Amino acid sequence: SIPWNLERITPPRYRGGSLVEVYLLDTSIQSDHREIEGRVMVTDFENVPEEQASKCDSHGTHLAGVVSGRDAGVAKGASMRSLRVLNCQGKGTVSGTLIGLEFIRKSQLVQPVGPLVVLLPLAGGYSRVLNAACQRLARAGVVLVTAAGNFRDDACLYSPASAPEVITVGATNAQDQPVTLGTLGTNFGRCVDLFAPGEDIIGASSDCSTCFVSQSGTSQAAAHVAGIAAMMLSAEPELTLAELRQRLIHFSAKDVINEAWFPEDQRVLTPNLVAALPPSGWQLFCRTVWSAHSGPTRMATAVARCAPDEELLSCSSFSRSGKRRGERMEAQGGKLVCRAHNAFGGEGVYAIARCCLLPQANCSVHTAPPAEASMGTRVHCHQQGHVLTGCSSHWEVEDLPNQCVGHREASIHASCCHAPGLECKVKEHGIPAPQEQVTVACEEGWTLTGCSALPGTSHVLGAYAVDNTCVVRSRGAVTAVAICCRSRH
C-alpha cells in the first residue's frame, strides 16, 4: 500500500517540514483537494501566455500532492504557496517566471518567515536572465529545486536546470533506471545534481476532490527533493545551500543507475545518485564538481569552483582524447580553485574539484616547479600537524608521507590543511595491463579527498573521484591513488 516512490526514498533505518514554506511555480491548482486542502495557499499571482478546470489544474495539483499531500506526500503537512506561471496547456514564459520569482522575494521582505524552498517544475532553453535571477534569489538565501527537463538531453542546455546554484533533479523509475518519456526522457549531465523517483508517481488528481492519478516526469522527481529538502531544513534550519546539497548527495543511494542508458560522454558527468531522506558527531562531507569543458582554444583553461563555505581539497583533470597539460590549484578572490590546462592541439579538458565542508580548516597549496634531470618533481607539507589532502600536476610541454610526486618535467602541487580533528591515509591499487580504467576505493566510513594517477609514462586520460572511489582512465602499469580522511572525536 506504501507507494513505491515513498518507500524508495526511505533510508535503511527510519522512525513534516513545518517551519519551512515551499513555493510552487506551476499551473493553477485545485486547492480544495483533500490531499492538500488547508495546507496549500493560492497567492493568486498569475502571469501566463494565452492558450476545463480539471485539465488546467492537473499538473500543479499533482505536484502539490507529491510534496505535501496528506496520504501520498513526501513532507506530509508542510506548508505550500502556489503561483501560476503556466497556462492550461502547461506553457509559460521566462518573463512570467521572472516576475513570479520577484514576487516571492518581495513577499519575504514584507513578511519574513523561516527557510524557503522554491520548486520550479518547468524548463525552457538556456536563459541568461533566468539563470541570473535564480542565482540572485539563491544568494539571498533561498533554496531552489528544479526539474532537469524531459528532453533526454544535457540539462546544461536548459534553464533553470542549468543554473549552478539551484538543485536540478533527474527522474528514475522503480527499477532505479532513468525514466523514458515517449521517445525522450529524463535529462542528464553535470548540471544535474541527483535523481529521484519520477515514473508512476501517485498523487492528487484534479478530476475530483478525492481522486488520484499516476504521473511521470522530472517535475515529479523535483517535487520529491523539494519535500526532502523541506524535511532536512525543518530539522536543521541553519543549513546553507552548500551544506544542504552535500547532505542530499551523502544520503542518496549510490551507483544504482545503469549508466549505459546515458550517451557515452555524459556518463562521467552524471551523478549516479538517487535521492533519499536522512536516517536521522561531526563528519567529513565532500562532493565532486566538474567544470564546463574548456574548449579547443590554445590557451584554454577549465575552472572548477567550490561554494564559499567549502574548501577545495584536491583537483584533477580529464580529457577524452588525453591531450592535456594537467591541472593546478590556484587562488581567485582569495579562494582556491581548480584549473585545468588543455593541450595546444587538443579539443579541451575538464577540471574536477573535490569540495568539502571543513570549518576548522586552514588549508594552503605548496608548489614546486619542474625538477628536470632529476628522479621527479617533489613537494610535501613540511610542518607538523598538517595533512596532505590532494596532489595535482601541470606541465608546459606537449611531450614527456605527506608528499606528492610528479613527472620530472611537470610542476607539482600539494594541498595541505591544518586540521587536527582529521586523520588521512593513502591507498593505492595498480593494474599492469589496464583494461580501460583502474580504480581504488576508500574504506567504509572514510571520505575520499584526493584522487590521482601515480606518475610515469602511461597514456592516462585523467582521474576523478566518483563518490568515495578514485577512478583513473587510461587509453609499465597504471596505479590509482586515493587519499582518504575521516574525523576522529
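Numbers for residues come from their place in the sequence shown, where the first is 1.
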Unmodelled deposited residues between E51 and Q52: none, 1 to 3, 4 to 9, or 10 or more? 4 to 9
I want to verify a possible break: how many residues of the deposited sequence sit between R475 and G476 without any coordinates (none, 1 to 3, 4 to 9, 10 or more)? 10 or more
Do the C-alpha atoms of 238 to 246 or of 352 to 360 have the higher average B factor in the entry? 352 to 360
Looking at the entry, does 406 to 414 or 111 to 119 show the higher mean C-alpha B-factor? 406 to 414
Given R84, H341, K254, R81, the residue at which the Cα B factor reaches its maximum: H341
By the CA temperature factor listed in this entry, which of these ranks top: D57, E428, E46, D26? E428
Mind checking which third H459 falls in for C-alpha B-factor across the chain? highest
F318's Cα B-factor: lowest, middle or highest third of the chain? middle
Should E372 be placed in the lowest, middle or highest third of its chain by the C-alpha B factor in the entry? highest
Assigned third (lowest, middle, highest) for the C-alpha B factor of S280: highest
Binned into thirds over the chain's modelled residues, the C-alpha B-factor of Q332 lands in the highest
